[PDB]
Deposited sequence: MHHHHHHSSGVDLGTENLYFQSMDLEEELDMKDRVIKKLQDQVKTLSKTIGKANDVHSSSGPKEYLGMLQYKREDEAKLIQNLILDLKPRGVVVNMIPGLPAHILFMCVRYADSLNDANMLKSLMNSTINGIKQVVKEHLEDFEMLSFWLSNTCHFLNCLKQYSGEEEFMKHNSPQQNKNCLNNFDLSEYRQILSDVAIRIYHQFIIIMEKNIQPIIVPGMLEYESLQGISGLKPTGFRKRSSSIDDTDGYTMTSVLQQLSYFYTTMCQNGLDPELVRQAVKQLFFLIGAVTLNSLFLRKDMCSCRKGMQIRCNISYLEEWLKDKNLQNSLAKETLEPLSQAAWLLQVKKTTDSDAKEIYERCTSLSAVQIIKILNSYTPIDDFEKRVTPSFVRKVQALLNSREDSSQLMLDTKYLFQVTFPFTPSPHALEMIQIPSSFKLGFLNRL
């Protein structure tokens, strides 16, 4: 019956962008059930323009959209929620561009009724690439906001708060939960949320380790054990959210060796060898920084002598290493946007009146 296309009169392109992107109450209800729906709407309009061969209309559409996105995020650089909604919708739109590209690669997990709605005329691969790029920009933007909202909490909870006897380590996980939920409620693909979480973990470990590299009154066995404990707490946060333990390795592993280092006896020509064999994810600079800034507060831990430090540094000669000490909070992981198909059939998509798009038409 219907085809899954959206007719728009080329003189309302502007108003379409206005009432679907710039102006948009992102919390209707259908959209709560299916977010990324605006992306589908957009691609239905695109499919309409493609069905006509009028290339100028297509290009004008894509440009108006991408500019509308760029703009709409540029207006809300302090709105985590909105940034999430548009990173989501952007990734959805790109995945629609891939899914109905017509390319053999993406028709793997397609309904026979879905393989009926591919683009029929134009190749939009270059546009897909551009979209991937802006998507990267948005992702980088929305990561920054989370990181900025959690950075002042890391240190006061991860170590300033003394467990082994007013913020605490729990608060960290509470914010992590806020971020995770906010991501999930915005149709943000699981793998994407995973990479985000990975970034967050990196940030935690980084701020922590850095504060170690600064404050001398933090390098103790006690503090090390405390840290290892908080790390296990984090692994448990992953377990609870059913996320892999792998990411916790590939983010906290340096901090583990840092905490492990703090506890281990630092005296005998054997301890040193263990420091060598175990601290494998740390630069010699970092290790030495810790061993020099290591100050004990308890009586069972014996202080580290300059001679021992020299022995260890001599043992570290076999490992070329890096000149890195601190871990900059602005490091970013390689974000990947994996193609995930859409379960929704365009033929049955309808516009809620809350979108103000009555001047459109299902084909």
Numbered from 1 on the deposited sequence, the unmodelled stretches are 1-63, 229-249
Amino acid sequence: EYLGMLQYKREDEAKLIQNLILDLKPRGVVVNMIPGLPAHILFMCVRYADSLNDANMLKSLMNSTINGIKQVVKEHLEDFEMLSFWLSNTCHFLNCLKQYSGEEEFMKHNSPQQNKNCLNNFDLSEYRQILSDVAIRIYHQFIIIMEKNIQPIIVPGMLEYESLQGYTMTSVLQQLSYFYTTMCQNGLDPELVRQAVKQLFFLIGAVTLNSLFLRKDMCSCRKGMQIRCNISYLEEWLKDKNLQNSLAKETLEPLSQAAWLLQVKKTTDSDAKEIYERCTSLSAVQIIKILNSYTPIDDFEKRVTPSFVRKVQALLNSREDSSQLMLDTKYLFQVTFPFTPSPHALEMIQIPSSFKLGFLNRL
From here on, numbers count along this sequence of modelled residues.
With B-factors read from the PDB entry, the higher C-alpha mean of 134-142 and 105-113 is in 105-113
Quick note on 40-48 and 24-32: per-entry mean CA temperature factor is higher in 24-32
Based on the PDB entry, the highest CA temperature factor among the options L291, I153, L77, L94 is that of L77
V309: C-alpha B-factor third of its chain, per the entry, is the middle
Quick tally, chain-level thirds of C-alpha B-factors: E13 sits in the middle
Of the three thirds of the chain ranked by Cα temperature factor, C279 occupies the middle
Binned into thirds over the chain's modelled residues, the C-alpha B-factor of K239 lands in the middle
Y161: CA B-factor among chain residues, third -> highest
